[PDB]
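For reference, the structure discussed in these notes is given below.
Counting neighbours? That spans all protein chains shown, and the Cβs are built from the backbone with ideal geometry, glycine included. Please treat every number below as a calculation from the coordinates, not as lab data.
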Amino acid sequence: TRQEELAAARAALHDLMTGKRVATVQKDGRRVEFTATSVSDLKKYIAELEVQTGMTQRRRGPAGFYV
Amino acid sequence: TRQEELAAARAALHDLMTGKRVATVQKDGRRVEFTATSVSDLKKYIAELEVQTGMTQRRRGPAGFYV
Amino acid sequence: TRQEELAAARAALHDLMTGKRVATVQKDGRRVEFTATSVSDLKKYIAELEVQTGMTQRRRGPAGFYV
Amino acid sequence: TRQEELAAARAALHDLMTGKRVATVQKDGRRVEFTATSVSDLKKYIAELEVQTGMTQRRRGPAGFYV
Amino acid sequence: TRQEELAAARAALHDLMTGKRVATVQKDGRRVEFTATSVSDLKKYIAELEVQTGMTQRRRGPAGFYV
Amino acid sequence: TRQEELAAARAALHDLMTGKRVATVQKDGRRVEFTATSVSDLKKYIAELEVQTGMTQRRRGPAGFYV
Amino acid sequence: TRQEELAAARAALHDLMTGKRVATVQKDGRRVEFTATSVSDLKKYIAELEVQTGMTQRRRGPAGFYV
Amino acid sequence: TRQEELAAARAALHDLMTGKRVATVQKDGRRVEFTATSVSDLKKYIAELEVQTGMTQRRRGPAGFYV
Amino acid sequence: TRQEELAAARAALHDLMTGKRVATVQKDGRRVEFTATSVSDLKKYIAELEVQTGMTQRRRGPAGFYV
Amino acid sequence: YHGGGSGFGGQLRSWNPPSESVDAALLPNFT
């Protein structure tokens, strides 16, 4: 089910990026605050869980040098 | 479906820049807030999924030197 | 339509500069708070966004030296 | 009892990553908040408690060299 | 329309310096909050848009040297 | 009008210096909070603005040395 | 009006030192607060306008040397 | 009036030392708060203002060295 | 009246150390708070006015060295 | 040649001495 939380985390990253990452929601008398992470660690999580998934080539073996 | 993602992110960058990114709303018992992202990460996200998408060249490669 | 938000962001810069950038506005339980950005980032935004648009020359290629 | 430990810890990691870790919850007159751990320490916990399990290897030994 | 811009910015600087730059106002339910810029950036803005406009010489070139 | 706001800024420096710089004033229901600046930048503003005014000598040109 | 300026500054220094400088007052509906300045700036201010006024010598020139 | 003012400053220093330097005092609706200094500045103030008055010395001209 | 001053200061040190230095006391509608001095400056004050008074030696002068 | 004309990358483009006899380069401010 790796594709599922891959898509979920990517959507959450975009959601937090634009404006809509809800932090606290409060109806009268019923409030709840979700903890918020940074953006960098979200990106690292996205990248790591993407490469762990059998998704296509994204990293190449260093770089050769020829004259 | 990256192009509209580009459009939405660029918009949100514009509204954050000028005056129109909302942090909290409240309706006397119906209130909610969103996490705020720094502008640097916004421009990094814009650049990353701008180059990643199929839109044209924006940055070239190194710089030659000649006499 | 680049000139449009160019002018909008210039006006926003001036508006923040003098006194008028509203952060939070409240009226009888209807309160909305807008996130604020440092003036430096807005200045750089003006800079490269007016560079990107067809606005006139404002940068020159280094500077020669001669006796 | 460590496999379900893996599952619970990974699910908590994902929930905290996207949006779904609750810092505090308040019904009218009844509220509780939970101490919020960071991300890095949670990832070290994940790694340390998955290596101790019998599930397959994820990291290997040091790399040699040969001409 | 830069000259009255200069006048407005200089006046805003003057009110900021002595006592007359208002951060928030409130009347028993209707309140507004203004983002407060610092002094350094405001004087930089003053100098920049003062030299940019048709305002006369204020800063000359480098100093010569003779025996 | 350099004399007018020169004297105004001097008086502002004085009454901020002793005790009279009002920060926030509030009658029941109606409150305002004027922003506050440091004393150092106010002093620099006073110095630059009086030297720009055609007031008398306040500076000398370096200092010679002789045996 | 320099002499009473000196007198008021010396007073305000004395009240600030012991207990008698008031940061704010409140009257159950009408409250005000004044910006509090650090003691060091007040001492420099008093010294500067003390040496600037017509009162007698307080500090002399540099110290000579002789065998 | 320097001697009794010095006595008052010393008494205030002692009062702050033990427990009695009142910061804020509040009745029903009526409250004030007095700004608080550090202890070092008050100590040096006591020091050189006691020095400046004609009371008996506490300083001596450096020190000699003999065999 | 230095001896009772010593007694009061040593007392106040003792109460501050264990539990008995009241930072603020509030009856309904009548509250006061006292500025809380640190402990290091309290000990320095104790030592200074302890040695300044006529009570006996507590510290002696340097230290010799012999073979 | 190449050094006489203008120099390297503009360089001494403004160094144009007034070719003249030594008398013309001496007598004006000889005193």
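Every residue in region D:48-67 that is part of a helix (DSSP H, G or I) and in contact with a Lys or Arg (Cβ under 8 Å, 6 or more places away or on another chain), please.
Selection gives D:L49, D:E50, D:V51.
Can you tell me which residues in region D:33-63 are farther than 23 Å from A:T35 by Cβ and of a type in the set (A, V, I, L, M, F, W, C)?
D:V51, D:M55, D:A63 - these are the residues of region D:33-63 that are farther than 23 Å from A:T35 by Cβ and of a type in the set (A, V, I, L, M, F, W, C).
Of the residues that make up region A:35-56, is at least one within 14 Å of chain B (Cβ to nearest Cβ), without any contact (Cβ under 8 Å) to a residue 40 or more places away in the chain and over 19 Å from D:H14 (Cβ atoms)?
Within region A:35-56, one or more residues are within 14 Å of chain B (Cβ to nearest Cβ), without any contact (Cβ under 8 Å) to a residue 40 or more places away in the chain and over 19 Å from D:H14 (Cβ atoms).
If G:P62 satisfies every condition in (1) facing chain H (nearest Cβ under 9 Å); (2) surrounded by fewer than 10 Cβ atoms within 10 Å (Cβ to Cβ) but one, which is the exception?
G:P62 satisfies every listed condition except (1).
Only one residue in I:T24, I:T56, I:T35 is polar (S, T, N, Q) and either loosely packed, with under 10 Cβ neighbours inside 10 Å or touching a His at 6+ places or on another chain (Cβ under 7 Å) (or both), so which one is that?
Step by step, each of I:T24, I:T56, I:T35 is checked, and only I:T56 is polar (S, T, N, Q) and either loosely packed, with under 10 Cβ neighbours inside 10 Å or touching a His at 6+ places or on another chain (Cβ under 7 Å) (or both).
For residues that are of a type in the set (V, I, T) and out of contact with any strand residue (DSSP E or B) (no Cβ under 8 Å at 6 or more places or on another chain), tally how many sit in region C:1-55.
Looking only at that region, the number is 7.
Looking only at residues in region H:16-34 that are assigned to a helix (DSSP H, G or I) and more than 9 Å from chain G (Cβ to nearest Cβ), which one is farthest from the chain's Cα centre (by Cα)?
Top of the filtered list is H:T18.
Can you pull out the residues in region E:36-47 that are part of a helix (DSSP H, G or I) and among the hydroxyl-bearing types (S, T, Y)?
Selection gives E:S40, E:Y45.
Here is a check on your reading of the model: is D:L6 surrounded by 14 or more Cβ atoms within 10 Å (Cβ to Cβ), in a helix (DSSP H, G or I), away from every other protein chain (no Cβ under 13 Å) and within 14 Å of the chain's Cα centre (by Cα)?
yes
Checking C:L13 against (1) part of a loop (DSSP other than H, G, I, E, B); (2) within 13 Å of chain B (Cβ to nearest Cβ), which single condition isn't satisfied?
Checking C:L13 against (1) part of a loop (DSSP other than H, G, I, E, B); (2) within 13 Å of chain B (Cβ to nearest Cβ), the one that fails is (1).
Going by the structure shown, is A:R30 of a type in the set (K, R) and over 29 Å from D:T35 (Cβ atoms)?
Spelling it out, it is not the case that A:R30 is of a type in the set (K, R) and over 29 Å from D:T35 (Cβ atoms).
I'd like the full set of residues that are among the charged types (D, E, K, R) and within 14 Å of the chain's Cα centre (by Cα), limited to region A:40-62.
A:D41, A:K43, A:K44, A:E48, A:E50
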